[PDB]
Amino acid sequence: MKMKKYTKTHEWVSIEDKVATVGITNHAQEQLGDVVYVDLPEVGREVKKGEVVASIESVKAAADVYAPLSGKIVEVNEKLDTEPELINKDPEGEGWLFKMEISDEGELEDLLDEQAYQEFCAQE
């Protein structure tokens, strides 16, 4: 009833019922810093498990956030519109980027768990 997988692009997912809350992880805010902005999707767009629908420009850099599953966007974190620094604050608490209705909960297992993701950062 709670379920959290992770991607290869330092992003985490949060399935509860039918909606997966996305955010970038601590390893991501480490490279940008103080951000400046987030490029959030529209609250009704369809996406794939590799679609840059949550880009992050910063004070002078970028990061393409390639989405975790297919499914359709249905919430976005309007906090990050005005406090794009929230990924620093708690990347994996309130620095979430978007949410999407999942279609294929059978694809979650084919992504990385938390410790497998930690190890994926130990190969950088």
# chains A, B, ... in the order shown; residues from 1 in each chain; ligands from 1
call {"tool": "residues_around", "arguments": {"residues": "residue 99 of chain A", "least_positions_apart": "2", "cutoff": "7 Å", "atoms": "only C-alpha atoms", "output": "list in words"}}
result
residues 19, 20, 21, 22, 73, 74, 75 and 76 of chain A
call {"tool": "write_last_selection", "arguments": {"atoms": "C-alpha atoms", "output": "compact mmCIF listing (two decimals), in the first residue's frame"}}
result
# COMPACT_ATOMS: atom_id res chain seq x y z
CA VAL A 19 -0.66 7.77 -8.11
CA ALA A 20 3.16 7.87 -7.99
CA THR A 21 4.75 10.98 -6.46
CA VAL A 22 8.12 11.71 -8.18
CA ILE A 73 0.43 13.27 -14.94
CA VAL A 74 -2.29 14.35 -12.46
CA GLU A 75 -0.51 16.50 -9.79
CA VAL A 76 2.57 18.84 -9.76
call {"tool": "residues_around", "arguments": {"residues": "residue 53 of chain A", "least_positions_apart": "2", "cutoff": "8 Å", "atoms": "only C-alpha atoms", "output": "ChimeraX atom specification"}}
result
/A:39-41,47,51,55,64-67
call {"tool": "atom_distance", "arguments": {"atom1": "atom CA of residue 11 of chain A", "atom2": "atom CA of residue 42 of chain A"}}
result
18.7 Å
call {"tool": "residues_around", "arguments": {"residues": "residue 84 of chain A", "least_positions_apart": "3", "cutoff": "7 Å", "atoms": "only C-alpha atoms", "output": "list in words"}}
result
residues 35, 36, 37, 38, 80, 81 and 87 of chain A
call {"tool": "write_last_selection", "arguments": {"atoms": "N, CA and C atoms", "output": "PDB file, in the first residue's frame"}}
result
ATOM      1  N   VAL A  35      18.680  25.715  -6.560  1.00  0.00           N
ATOM      2  CA  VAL A  35      18.299  25.757  -7.952  1.00  0.00           C
ATOM      3  C   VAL A  35      17.949  27.159  -8.432  1.00  0.00           C
ATOM      4  N   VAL A  36      16.696  27.457  -8.795  1.00  0.00           N
ATOM      5  CA  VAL A  36      16.193  28.656  -9.454  1.00  0.00           C
ATOM      6  C   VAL A  36      14.791  28.401 -10.015  1.00  0.00           C
ATOM      7  N   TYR A  37      14.544  27.229 -10.620  1.00  0.00           N
ATOM      8  CA  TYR A  37      13.302  26.948 -11.337  1.00  0.00           C
ATOM      9  C   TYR A  37      13.082  25.435 -11.414  1.00  0.00           C
ATOM     10  N   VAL A  38      11.865  25.001 -11.743  1.00  0.00           N
ATOM     11  CA  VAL A  38      11.580  23.649 -12.197  1.00  0.00           C
ATOM     12  C   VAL A  38      10.578  23.727 -13.331  1.00  0.00           C
ATOM     13  N   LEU A  80       7.617  24.227  -5.812  1.00  0.00           N
ATOM     14  CA  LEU A  80       8.912  24.331  -6.474  1.00  0.00           C
ATOM     15  C   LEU A  80       8.882  25.459  -7.514  1.00  0.00           C
ATOM     16  N   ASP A  81       7.690  25.964  -7.848  1.00  0.00           N
ATOM     17  CA  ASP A  81       7.475  27.176  -8.636  1.00  0.00           C
ATOM     18  C   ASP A  81       8.106  28.387  -7.946  1.00  0.00           C
ATOM     19  N   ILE A  87      14.180  20.810  -3.136  1.00  0.00           N
ATOM     20  CA  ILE A  87      14.914  19.571  -3.333  1.00  0.00           C
ATOM     21  C   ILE A  87      16.161  19.573  -2.443  1.00  0.00           C
TER      22      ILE A  87
END
call {"tool": "closest_residue", "arguments": {"among": "A:71, A:122, A:32, A:45", "to": "residue 57 of chain A", "atoms": "only C-alpha atoms"}}
result
A:32
call {"tool": "closest_residue", "arguments": {"among": "A:7, A:115, A:29, A:123", "to": "residue 62 of chain A", "atoms": "only C-alpha atoms"}}
result
A:29
call {"tool": "residues_around", "arguments": {"residues": "residue 23 of chain A", "least_positions_apart": "6", "cutoff": "7 Å", "atoms": "only C-alpha atoms", "output": "PDB file with N, CA and C atoms, in the first residue's frame"}}
result
ATOM      1  N   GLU A  11      16.197   9.887  -9.449  1.00  0.00           N
ATOM      2  CA  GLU A  11      14.797  10.196  -9.228  1.00  0.00           C
ATOM      3  C   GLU A  11      14.190   9.034  -8.430  1.00  0.00           C
ATOM      4  N   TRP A  12      13.249   9.349  -7.547  1.00  0.00           N
ATOM      5  CA  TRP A  12      12.458   8.415  -6.746  1.00  0.00           C
ATOM      6  C   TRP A  12      10.976   8.548  -7.090  1.00  0.00           C
ATOM      7  N   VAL A  13      10.190   7.520  -6.771  1.00  0.00           N
ATOM      8  CA  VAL A  13       8.781   7.359  -7.118  1.00  0.00           C
ATOM      9  C   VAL A  13       8.022   7.024  -5.824  1.00  0.00           C
ATOM     10  N   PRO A  91      14.944  16.383  -0.470  1.00  0.00           N
ATOM     11  CA  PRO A  91      14.747  15.915  -1.842  1.00  0.00           C
ATOM     12  C   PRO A  91      13.677  14.830  -1.926  1.00  0.00           C
ATOM     13  N   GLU A  92      13.531  14.061  -0.855  1.00  0.00           N
ATOM     14  CA  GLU A  92      12.782  12.827  -0.775  1.00  0.00           C
ATOM     15  C   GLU A  92      11.717  12.967   0.329  1.00  0.00           C
ATOM     16  N   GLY A  95      10.547  18.115  -1.536  1.00  0.00           N
ATOM     17  CA  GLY A  95      11.138  18.423  -2.837  1.00  0.00           C
ATOM     18  C   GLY A  95      10.727  17.437  -3.940  1.00  0.00           C
ATOM     19  N   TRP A  96       9.529  16.842  -3.854  1.00  0.00           N
ATOM     20  CA  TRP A  96       8.936  16.071  -4.949  1.00  0.00           C
ATOM     21  C   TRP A  96       8.753  16.974  -6.179  1.00  0.00           C
ATOM     22  N   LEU A  97       8.827  16.426  -7.402  1.00  0.00           N
ATOM     23  CA  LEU A  97       8.576  17.191  -8.614  1.00  0.00           C
ATOM     24  C   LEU A  97       7.122  16.931  -9.007  1.00  0.00           C
ATOM     25  N   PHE A  98       6.703  15.723  -9.468  1.00  0.00           N
ATOM     26  CA  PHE A  98       5.309  15.660  -9.970  1.00  0.00           C
ATOM     27  C   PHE A  98       4.568  14.439  -9.446  1.00  0.00           C
TER      28      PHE A  98
END
call {"tool": "select_by_dssp", "arguments": {"residues": "segment 42-113 of chain A", "states": "alpha helix (DSSP H)", "output": "list in words"}}
result
residues 86, 87, 88 and 89 of chain A
call {"tool": "write_last_selection", "arguments": {"atoms": "N, CA and C atoms", "output": "tab-separated table (two decimals), in the first residue's frame"}}
result
chain	number	residue	atom	x	y	z
A	86	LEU	N	13.53	23.49	-2.70
A	86	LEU	CA	12.99	22.48	-1.78
A	86	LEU	C	13.61	21.10	-1.96
A	87	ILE	N	14.18	20.81	-3.14
A	87	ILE	CA	14.91	19.57	-3.33
A	87	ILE	C	16.16	19.57	-2.44
A	88	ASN	N	16.76	20.72	-2.12
A	88	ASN	CA	17.86	20.75	-1.16
A	88	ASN	C	17.34	20.30	0.20
A	89	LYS	N	16.26	20.97	0.61
A	89	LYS	CA	15.65	20.96	1.92
A	89	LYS	C	15.30	19.53	2.32
call {"tool": "closest_residue", "arguments": {"among": "A:52, A:116, A:111, A:15", "to": "residue 1 of chain A", "atoms": "only C-alpha atoms"}}
result
A:15
call {"tool": "closest_residue", "arguments": {"among": "A:112, A:121, A:3, A:69", "to": "residue 46 of chain A", "atoms": "only C-alpha atoms"}}
result
A:69
call {"tool": "atom_distance", "arguments": {"atom1": "atom CA of residue 72 of chain A", "atom2": "atom CA of residue 118 of chain A"}}
result
27.2 Å
call {"tool": "atom_distance", "arguments": {"atom1": "atom CA of residue 85 of chain A", "atom2": "atom CA of residue 34 of chain A"}}
result
5.5 Å
call {"tool": "residues_around", "arguments": {"residues": "residue 114 of chain A", "least_positions_apart": "6", "cutoff": "9 Å", "atoms": "only C-alpha atoms", "output": "PyMOL selection string"}}
result
chain A and resi 4-6+12
call {"tool": "select_by_dssp", "arguments": {"residues": "chain A", "states": "strand (DSSP E or B)", "output": "mmCIF file with C-alpha atoms, in the first residue's frame"}}
result
data_model
loop_
_atom_site.group_PDB
_atom_site.id
_atom_site.type_symbol
_atom_site.label_atom_id
_atom_site.label_comp_id
_atom_site.auth_asym_id
_atom_site.auth_seq_id
_atom_site.Cartn_x
_atom_site.Cartn_y
_atom_site.Cartn_z
ATOM 1 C CA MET A 3 5.726 1.529 -2.641
ATOM 2 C CA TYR A 6 13.951 4.759 -8.153
ATOM 3 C CA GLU A 11 14.797 10.196 -9.228
ATOM 4 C CA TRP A 12 12.458 8.415 -6.746
ATOM 5 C CA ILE A 15 3.103 4.701 -5.364
ATOM 6 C CA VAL A 19 -0.664 7.773 -8.113
ATOM 7 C CA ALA A 20 3.159 7.872 -7.987
ATOM 8 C CA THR A 21 4.748 10.983 -6.457
ATOM 9 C CA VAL A 22 8.122 11.709 -8.181
ATOM 10 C CA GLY A 23 11.110 13.724 -6.907
ATOM 11 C CA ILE A 24 14.883 13.874 -7.557
ATOM 12 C CA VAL A 36 16.193 28.656 -9.454
ATOM 13 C CA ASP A 39 10.002 22.765 -15.516
ATOM 14 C CA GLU A 46 0.767 11.159 -20.846
ATOM 15 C CA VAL A 47 4.447 10.180 -20.262
ATOM 16 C CA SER A 55 13.507 19.494 -16.104
ATOM 17 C CA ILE A 56 15.491 21.564 -13.602
ATOM 18 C CA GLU A 57 17.298 24.725 -14.679
ATOM 19 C CA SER A 58 19.395 26.249 -11.866
ATOM 20 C CA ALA A 61 22.984 24.656 -15.030
ATOM 21 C CA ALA A 62 20.339 22.142 -16.200
ATOM 22 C CA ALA A 63 19.168 18.559 -15.419
ATOM 23 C CA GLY A 71 1.228 6.748 -17.017
ATOM 24 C CA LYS A 72 -0.417 10.179 -17.009
ATOM 25 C CA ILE A 73 0.429 13.274 -14.936
ATOM 26 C CA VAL A 74 -2.290 14.349 -12.464
ATOM 27 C CA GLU A 75 -0.508 16.499 -9.793
ATOM 28 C CA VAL A 76 2.574 18.836 -9.757
ATOM 29 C CA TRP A 96 8.936 16.071 -4.949
ATOM 30 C CA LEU A 97 8.576 17.191 -8.614
ATOM 31 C CA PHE A 98 5.309 15.660 -9.970
ATOM 32 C CA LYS A 99 2.660 12.937 -9.677
ATOM 33 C CA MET A 100 1.190 10.556 -12.230
ATOM 34 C CA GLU A 101 -1.526 7.893 -12.338
ATOM 35 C CA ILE A 102 0.387 4.676 -13.047
ATOM 36 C CA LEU A 112 15.691 0.047 -8.809
#
